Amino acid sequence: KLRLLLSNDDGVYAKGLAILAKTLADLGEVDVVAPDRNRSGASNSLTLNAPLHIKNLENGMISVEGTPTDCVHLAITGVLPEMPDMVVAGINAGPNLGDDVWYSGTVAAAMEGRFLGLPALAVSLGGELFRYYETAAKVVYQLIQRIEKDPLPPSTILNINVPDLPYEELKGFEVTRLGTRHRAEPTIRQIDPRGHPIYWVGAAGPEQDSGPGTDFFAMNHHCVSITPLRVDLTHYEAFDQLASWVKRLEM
């Protein structure tokens, strides 16, 4: 069979998502469960205090009045009649590189697919212009066909970024680590029309660790970037110092 669950964070009507769904429709059964509108910065947020409305669209897609994580979670806990085999999230309007991945709703939807039997993919198109969604879609199509022939470890979550170029201009595929940024920009305080102060979250800081081997570098050099993400947040490297510290607390 191969049943693919697709979601995104740009909203159910986004171009990135429609192109991905059309292209993957040739590989298996595609279900789309996506937010009804733009949910950037949603990260892995779940809506817990309120219930969500859900609408079946004329085109077959399912639109949810909730977050990207809400979409995938609901989809794999009863909203879909049949359990999907993997999650693919995207194609995002914009890159998800380095520190940005921590806040990304696109990455979060993929992460929610860790419960399934096959790898989950998050896919993002770089730049600000978004001219070649078809390139990202082709990359994903290829990854899935291979995953069928050549299994990856279970609970593999791949963060994929694709240069906004024609497929032929792509310089290769690279396994990368997450780059880093410098400190975030300060908050911006303004005064609203009634004289109440308001504060914007500042922009992310400039790229810091962006050298060879990072996702930033691969993208800046026209390579598809593929980063495998941890599903266990335990800092094992810290155990030695922390455990001895806890031992010293016994009085």
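Numbering starts at 1 and follows the sequence shown.
**Q** Identify the stretch, either 26-34 or 197-205, whose C-alpha atoms have the larger mean B-factor according to the entry.
**A** Taking the mean C-alpha B-factor of 26-34 and of 197-205, the larger value falls to 26-34.
**Q** Please compare 69-77 with 154-162 and name the stretch with the higher mean C-alpha B-factor in the deposited structure.
**A** Taking the mean C-alpha B-factor of 69-77 and of 154-162, the larger value falls to 154-162.
**Q** Go through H53, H221, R189, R39 one by one and give the residue whose Cα B-factor in the PDB entry is largest.
**A** That would be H221.
**Q** From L178, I91, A110, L129, which pick has the Cα B-factor that tops the rest in the entry?
**A** Of the options given, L129 has the highest CA B-factor in the PDB entry.
**Q** Considering only modelled residues of the same chain, in which third does the CA B-factor of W102 rank: lowest, middle or highest?
**A** Answer is middle: the recorded C-alpha B-factor places it there.
**Q** Using the B-factors in the PDB entry, rank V139's C-alpha atom against the chain and give the third, lowest, middle or highest.
**A** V139: CA B-factor falls in the middle third of its chain.
**Q** Can you tell me which third, lowest, middle or highest, the CA B-factor of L121 falls into for its chain?
**A** Lowest third - that is where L121 ends up once the chain's C-alpha B-factors are sorted.
**Q** Lowest, middle or highest third: where is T214 by C-alpha B factor in its chain?
**A** Middle third by C-alpha B-factor.
**Q** Please say which third, lowest, middle or highest, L4 falls into when its CA temperature factor is compared across its chain.
**A** Answer is middle: the recorded C-alpha B-factor places it there.
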